[PDB]
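Chains as they are written, first to last, in UniProt numbering: chain W, 1187 to 1277; chain G, 1369 to 1602; chain E, 1187 to 1602, 1670 to 1689. Quick reminder that beta carbons are idealized off the backbone N, C-alpha and C, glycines included. Structure first, commentary second.
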Amino acid sequence: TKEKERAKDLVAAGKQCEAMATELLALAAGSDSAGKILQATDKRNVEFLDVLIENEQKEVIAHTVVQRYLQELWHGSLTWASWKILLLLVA
Amino acid sequence: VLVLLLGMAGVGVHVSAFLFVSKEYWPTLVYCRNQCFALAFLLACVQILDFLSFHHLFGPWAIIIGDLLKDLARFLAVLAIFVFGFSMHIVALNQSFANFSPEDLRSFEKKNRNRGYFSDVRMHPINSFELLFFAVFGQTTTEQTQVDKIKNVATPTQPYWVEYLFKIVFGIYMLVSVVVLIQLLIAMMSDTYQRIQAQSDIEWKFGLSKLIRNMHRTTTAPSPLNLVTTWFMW
Amino acid sequence: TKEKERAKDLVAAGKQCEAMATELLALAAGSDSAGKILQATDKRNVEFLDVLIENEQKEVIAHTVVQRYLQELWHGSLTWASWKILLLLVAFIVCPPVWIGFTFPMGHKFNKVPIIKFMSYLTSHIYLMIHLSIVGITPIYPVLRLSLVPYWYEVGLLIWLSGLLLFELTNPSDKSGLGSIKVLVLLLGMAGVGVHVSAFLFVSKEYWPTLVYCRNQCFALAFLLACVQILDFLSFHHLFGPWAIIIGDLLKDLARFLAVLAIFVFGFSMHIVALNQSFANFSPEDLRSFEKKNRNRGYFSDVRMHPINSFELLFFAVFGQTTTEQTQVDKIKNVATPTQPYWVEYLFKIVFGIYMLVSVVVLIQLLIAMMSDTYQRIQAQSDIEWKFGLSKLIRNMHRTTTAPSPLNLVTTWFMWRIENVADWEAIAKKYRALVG
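This is the structure:
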């Protein structure tokens, strides 16, 4: 947006590095180590996931690794998920 | 914010009933605070439409809502134009006229002095707008538009050939709106829902991510309760 | 189109050179030098952009370079863009004098930017709407009196219809869709003024009051097409723009529907005419009383319903307004004894049921199918055609100093190179660097 020389090609490179971030986070998490990587800090004193939301990497953050970890962070090891929470709201 | 813009109304009504003069303590002011609290209950219900954003069956919906408020506004300006125009036409149909009897020529100028500023309209035009606006919902049946059939006038001040013009003009309006405009809106809502469906899934996962962060990484006050927790700590 | 040898391959080459014109104008403009290239002349003594609109290069003219330059030409370095212009339209509309200052080139100061000229035709047309409203629809001055009925807003409306005739004769406007209704506005004023002047200067035939009603009707339809004309004045905006191209596009499908709807409503309407025939089985005593009573019958007997009342009755069934009892004449005219037997009502429910099924179930929702599935085809192309029509609009405001004339009909009576603006050789080397 800030330049007008060729805006059709900066977007292609941004999508290339977004998809490269998806594949590197997919290989780097391995089985279940996404909590370390997403809970890691940055060069500045902020977490990685807060970067990644201010980074606006929607293609990265919709990948299944950060999504299922983020559902694990949504539960917080509560783990009586589907039914007793729906009762427990009434409670 | 709009919820809190109505409470500031409604509380700011009845406190402004007591601490102000109240002007002989009107009971209508109680009605108006009930109205502001009622609209606050509406936007409360839409806010619990916002609290269902976490769920996948309900999630990407609320992104496609404002997306289709682009197309809804794009429709609704045009609907305002046609309802405005045909409404002012049906204002211009209800003018009482009857052909001159030569005896009524002699009785014309003596009776033609008691007329006011806005004579011979027979229908206030915003009643025509909020009358013909309900035609697009199939609720006015061409006899709620003729003032002679509204106000039950015993002698028809119109001749019996303007009713053909009510059926023609109201027929063309019902055709354009109900046939054309509404179903053109169905076309546009479908054919942008097709474009922004699969991308609005990913934007739902992104907004879900901002929601889960702004719950987890922010210990805060669930505060209709925990406004006390700021005052009991300070 | 002019040849038939291979039309599939001339189009491919035309699209090749159109896209090559996009890429050469993209490389040749560089950062911001599009104003020189588009403002350049040609081999003939015309500008380049007027070529490019007569060249009909929609793929070129919808590229972002000529588009953002053309938005800069739309502003004309005015640059208080989004909000104070929207207030400033109201600042035109509150006062004619303030607006009349911006129209005049004597206290000029803004008369070269096309936003304010476009705003002058805009609020000019709005005051046309207001004067049509006060004359024809909601009269302050009560029109029925034994006179010529002249009045100063009726004379001002007369000089504004005459002024708009002056503007369309001086500056022509095409029949391409929503321009055409502009002429239709002036085809109703020529009615309505041409009613009441033809009330005075003609005989008036004992001065009918219905003629005042008919000029109110013609001015009312002029107010309708005025409202659709301010649906045309919203063409500049992107949220409203490509809509008005897809309207006539869907008037193809609307007519394609509406002929069929006319056929079915016509047929079933004539059937419900053929259902209302009064008949009752012969009592043998009524056989003796038959031929004596059978002489007073006229030309069109036993129809019981005029058929265009059936057409404009059953035409409102498709809107859910007739409930099978507004079709039976015995239930219309409140006949005390049923002249029909009590088994034709089953035929009213069957025939009217099949009609409501076909129209309301089938025909309407088939129209929803066709409107959707051509809106899908001509959406993304109608975007580019909107940018092209926007380009013709911005040219025909900027490169034509003219008369905002319900006002400036008085102003007629009170008065009475491209080959070296770029390093083309170096750009052509850059174009081969893209394609390889």
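Within 8 Å (strictly less), CB to CB, does residue 1170 of chain E reach chain W? For chain E, the structure presents residues 1187 to 1689; residue 1170 of chain E sits outside this window and is missing.
Thinking just about the alpha-carbon of each residue, which of G:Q1415, G:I1550 and G:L1461 is nearest to the one in residue 1625 of chain E? Structure remark: chain E lacks residues between 1602 and 1670, so residue 1625 of chain E is without coordinates.
Closer than 8 Å at the beta carbon, the chain G residues around W:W1266: Neighbours of W:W1266 on chain G: none; closest Cβ ~17 Å, over 8 Å.
Quick check: what's the CA-CA separation for E:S1487 versus E:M1376? Approximately 43 Å, taken between the alpha carbons.
Give the C-beta separation of E:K1295 and E:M1583 to the nearest angstrom, bearing in mind that I take them to be a contact with Cβ-Cβ under 8 Å. About 17 Å separates the beta carbon of E:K1295 from that of E:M1583, a gap too long to meet the 8 Å contact definition.
I'd like the span of the alpha helix (DSSP H) that includes G:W1572, first residue to last. Looking at the DSSP string, the run of the alpha helix (DSSP H) that includes G:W1572 is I1550 to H1584.
Of the residues E:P1283, E:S1333 and E:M1557, the one placed nearest E:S1390, counting alpha carbons only: Distance from the Cα of E:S1390 is smallest, within the candidate group E:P1283, E:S1333 and E:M1557, for E:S1333.
Would you please verify whether the beta carbon of G:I1580 is less than 8 Å from any beta carbon of chain W? Chain W contact via Cβ: present.
For W:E1245, would you say it is in contact with chain G, using Cβ-to-Cβ distances shorter than 8 Å as the test? Yes, because at least one Cβ of chain G sits closer than 8 Å to the Cβ of W:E1245.
Going by alpha carbons, who is nearest to G:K1479 out of E:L1330, E:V1381, E:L1411 and E:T1587? Residue nearest to G:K1479 within the set E:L1330, E:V1381, E:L1411 and E:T1587 is E:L1330 (criterion: CA-CA distance).
Near-chain E residues of the region 1477-1493 of chain G - C-beta to any C-beta below 9 Å: Against chain E - using a Cβ distance shorter than 9 Å - the residues of the region 1477-1493 of chain G are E1477, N1480, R1483, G1484, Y1485, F1486, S1487, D1488, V1489 and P1493.
Is the beta carbon of E:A1412 sitting closer than 8 Å to the one on E:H1311? Yes, these two residues count as a Cβ contact at 8 Å.
Taking G:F1497 as the reference, give the member of G:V1530, G:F1450, G:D1516 and G:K1519 with the closest Cα. Residue G:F1450 is the option with its Cα nearest to G:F1497.
Which listed residue (E:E1672, E:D1676, E:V1596 and E:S1362) has its alpha carbon closest to that of E:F1353: Here the closest residue by C-alpha is E:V1596.
Rounded straight-line distance, which links the Cα of W:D1195 to that of E:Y1684: For the pair E:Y1684 and W:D1195, the Cα-to-Cα distance works out to about 15 Å.
Confirm, please, whether the CB-CB distance from E:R1581 to E:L1235 is below 8 Å. It is a contact, given that the beta carbons lie within the stated cut-off.
Could you name the residues of chain W that G:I1570 contacts, counting a contact when the two beta carbons are closer than 8 Å? Ordered by position in chain W, the residues that pass the 8 Å Cβ test against G:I1570 are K1244, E1245 and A1248.
Tell me which residues share the same chain as G:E1511 and place their Cβ nearer than 7 Å to its Cβ, disregarding the 5 neighbours each side in the sequence. Result list for G:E1511: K1517, in chain order.
From which residue to which residue does the alpha helix (DSSP H) around W:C1203 run? Note, W:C1203: alpha helix (DSSP H), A1193 to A1215.
Three-state class that DSSP yields for G:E1511 in the structure shown: Note: G:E1511 maps to coil in three-state DSSP.
Output the distance between the C-alpha atoms of G:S1577 and G:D1418, rounded to the nearest integer angstrom. If I take the Cα positions, the gap works out to 15 Å.
Using the beta-carbon of each residue, which ones in chain W are nearer than 9 Å to G:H1584? From the beta-carbon of G:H1584, the residues of chain W found nearer than 9 Å are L1259, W1260 and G1262.
Same chain, Cβ closer than 8 Å to W:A1212, neighbours up to 5 away in sequence not counted: Same-chain partners within the cutoff: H1249 and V1251.
Curious, which full-length alpha helix (DSSP H) runs of at least 4 residues does the region 1458-1533 of chain E contain? Counting only runs of 4 or more residues that sit fully inside the region 1458-1533 of chain E, the alpha helix (DSSP H) segments are 1470-1474, 1493-1500 and 1515-1518, in chain order.
Outcome for W:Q1225 when other beta-carbon atoms lying within 10 angstroms are tallied against a minimum of 16: By the neighbour-count rule (16 or more Cβ atoms within 10 Å), W:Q1225 is not buried but exposed.
Exposed or buried, what is residue 1607 of chain G when buried is set at 16 or more other beta-carbons lying within 10 Å of its beta-carbon? In the structure displayed, chain G extends from 1369 to 1602; residue 1607 of chain G sits before or after that span and is not available.
Distance check for E:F1409 and residue 1690 of chain E, CA to CA, integer angstroms please. The requested residue 1690 of chain E is not part of the displayed model; chain E covers only 1187 to 1689.
Identify whether E:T1227 lies in helix, strand or coil by the three-state DSSP scheme. It is a strand residue.
Indicate whether the contact test is met: 3 or more Cβ pairs, each with one atom in the region 1546-1564 of chain G and one in the region 1547-1557 of chain E, closer than 8 Å. Yes: at least three Cβ pairs fall under 8 Å.
Given this structure, state the Cα-to-Cα distance separating E:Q1202 from E:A1193, to the nearest angstrom. Computed Cα separation, rounded: 14 Å.
Please name the residue, chosen from E:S1306, E:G1365 and E:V1379, that lies closest to E:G1342 on a Cα-to-Cα basis. Measuring from the Cα of E:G1342, the nearest candidate turns out to be E:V1379.
Within 10 angstroms of its Cβ, does G:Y1393 collect 16 or more other Cβ (buried), or is it exposed? By the neighbour-count rule (16 or more Cβ atoms within 10 Å), G:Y1393 is not buried but exposed.
Interface residues of chain G facing W:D1236 [CB-CB closer than 8 Å]: Correct list: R1581 and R1585.
Check the Cβ-Cβ distances between G:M1556 and every residue of chain E, and say whether any is below 8 Å. Using beta-carbon distances, G:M1556 counts as an interface residue toward chain E, with a partner under 8 Å.
With three or more C-beta pairs closer than 8 Å as the rule, is the region 1434-1442 of chain G touching the region 1422-1441 of chain E? Flag = yes, the region 1422-1441 of chain E and the region 1434-1442 of chain G touch.
So is W:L1256 in contact with chain G if we call contact Cβ pairs under 8 Å? Closer than 8 Å: yes.
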